[PDB]
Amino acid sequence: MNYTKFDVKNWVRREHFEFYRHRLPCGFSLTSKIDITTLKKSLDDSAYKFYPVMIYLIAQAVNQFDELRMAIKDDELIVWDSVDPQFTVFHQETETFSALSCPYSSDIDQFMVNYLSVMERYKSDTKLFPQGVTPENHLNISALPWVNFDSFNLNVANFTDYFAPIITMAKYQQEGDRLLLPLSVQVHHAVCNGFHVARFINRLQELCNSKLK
């Protein structure tokens, strides 16, 4: 068991969780711009690719905060020890997207090897879920490289007890001397508030500004 059953009996956010879960079911999206000036430099002195490093960096930050790793399993509220990213891959020949995942690793070079192999194996597989069933301990990551956006938001009919963060990136752009990346974060309010989203974004920004390895 790769999760811990959360002591909700005793949880300080108990009232908050039930209000936003059942009283006023709510989630929100917010788009913010990440300075990736430093990151671009780091990439430049390396052989790492952009999409693969963002995946890694987002999964790395989601994995430092518990509230971004919450779920319901057995009608119980759990916390995943770790999450693996499910990212999108564009298929040029069909104009559709496939969703892929691979195991997260604190070792970036091991991450990269995991990524390239999943990519090699399923590159021509235009099914929606080429690997089958999505692992429950996941996060969704996606990228719209062709257009810059100031906003993005998913309008989903029903969102009951779906607590995995959905992260979307747009095309970066030169905003003077800075290179910025619009990143949309969408979460459920039962487990995550505005503070927790801000704390993830401040952490991701830190990481973009640090050495890769």
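When you see a residue number, it is the position in the sequence shown, counting from 1.
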**OP:** Averaging only over Cα atoms, indicate whether 100-108 or 72-80 has the higher B-factor in the PDB entry.
**Re:** 72-80
Original post:
Looking at the deposited entry, does 157-165 or 181-189 carry the larger mean Cα B-factor?
Top reply: 157-165
Subject >> Identity of residue with top Cα B-factor, from 173, 29, 63, 151 >> reply: 173
**OP:** Quick one: which of 203, 21, 196, 14 shows the highest Cα temperature factor in the PDB entry?
**Re:** 14
**OP:** For residue 49, return the chain-relative third of its C-alpha B-factor as stated in the PDB record: lowest, middle or highest.
**Re:** middle
**OP:** Taking the values exactly as deposited, rank residue 144 by C-alpha B-factor within its chain and report the matching third: lowest, middle or highest.
**Re:** lowest
Subject >> Third assignment of residue 34 from its chain's C-alpha B-factors >> reply: middle
